[PDB]
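Shown here is one chain on its own, the form deposited in one PDB entry, set out as structure tokens.
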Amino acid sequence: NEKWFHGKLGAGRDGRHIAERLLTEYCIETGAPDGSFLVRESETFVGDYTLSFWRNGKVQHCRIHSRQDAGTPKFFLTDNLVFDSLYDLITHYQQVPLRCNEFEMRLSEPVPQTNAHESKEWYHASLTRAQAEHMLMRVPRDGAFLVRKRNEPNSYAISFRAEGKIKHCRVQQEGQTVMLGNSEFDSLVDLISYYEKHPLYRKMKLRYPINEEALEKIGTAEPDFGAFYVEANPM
């Protein structure tokens, strides 16, 4: 995939340190190899990206240059070898060593993001159980859900409608992975992509992402019906 592509990381020029914290937290916890990497917007060279990678418990940074030849983006670590995209650039350097400083090294494991859920239509950062129930009540359908942040640290909640009743599943951010009960996923984004395909609680799958727009394009101006922490289906 493009797991490795992190784009603009955090507060403007705090991206070098964020790139290091992310690579450090990942490489130490998972036990990833030297060569583990990710790409992001440059914090010094406008429009250029930066290749941050792990090597000997340190995190080294490389500049990815971005130029236009015939109004066509071209990317490169060195002008003797230019690519039509960052995928090509990355995939090349995964196979043949890149030279940074005065050491030669190939790229290895793509380091993903833990927070790609923050840009999803079903994710609500500030949302009370009662607030999400009120929203979930407004929707008549089943398999219509929303994930929200809980007050207790490194925790989220899947609030959903199942068999005409509103139940709640707990998820925990265990460092670089998430844990719904004894089951494990890379992230929420991947967890919900699984529970979109497979049932999460009983016969119900995660089909309809509810936000403010979804209440307009579906929901009822009237909450009250019938409507504890529920246990999901294993694995």
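Heads up, when I say rigid core I mean the largest set of C-alphas that superpose within 1.5 Å between the two forms. The numbering used is simple: start at 1 and walk along the sequence shown.
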property	result
Between neighbours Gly219 and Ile218, residues that the deposited sequence lists but the model omits	none
Of 139-147 and 89-97, the stretch whose C-alpha atoms average the higher B-factor in the entry	139-147
Entry-level comparison of average CA B-factors, 36-44 and 168-176, reporting the higher stretch	168-176
Highest-ranked of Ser183, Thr50, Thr30, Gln60 once sorted by CA temperature factor in the record	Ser183
Residue with highest C-alpha B-factor in the PDB entry, from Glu109, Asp84, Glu118, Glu163	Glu163
Relative C-alpha B-factor of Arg129, binned into the chain's lowest, middle or highest third	middle
For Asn80, the third of its chain into which the C-alpha B factor falls	middle
Third of the chain, ranked by Cα B-factor, where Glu25 sits	lowest
Entry-reported Cα temperature factor of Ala70, expressed as the chain third it lands in	highest
Lowest, middle or highest third - CA B-factor, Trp122	lowest
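Note that the form deposited with a partner chain bound isn't included here; everything after this is about it.
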item: Per-stretch contact check against its partner chain in the entry with it bound, the hit in 32-40, 52-60, 204-212, 167-175 (non-hydrogen atom, 4.5 angstroms); value: 167-175
item: Interface residue in the entry with it bound among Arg148, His117, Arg138, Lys74, criterion: non-hydrogen atom within 4.5 angstroms of its partner chain; value: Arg148
item: Partner contact for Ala157 in the entry with it bound: its partner chain, 4.5 angstroms, heavy atom; value: yes
item: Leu180: touches its partner chain in the entry with it bound, heavy atom cutoff 4.5 angstroms; value: yes
item: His134: touches its partner chain in the entry with it bound, heavy atom cutoff 4.5 angstroms; value: no
item: Partner contact for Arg129 in the entry with it bound: its partner chain, 4.5 angstroms, heavy atom; value: yes
item: Sole member of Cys62, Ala32, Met204, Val59 with a C-alpha shift of at least 2 Å between this form and the one not shown (core-superposed); value: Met204
item: Threshold 2 Å Cα movement between this form and the one not shown at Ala157, rigid core reference; value: no
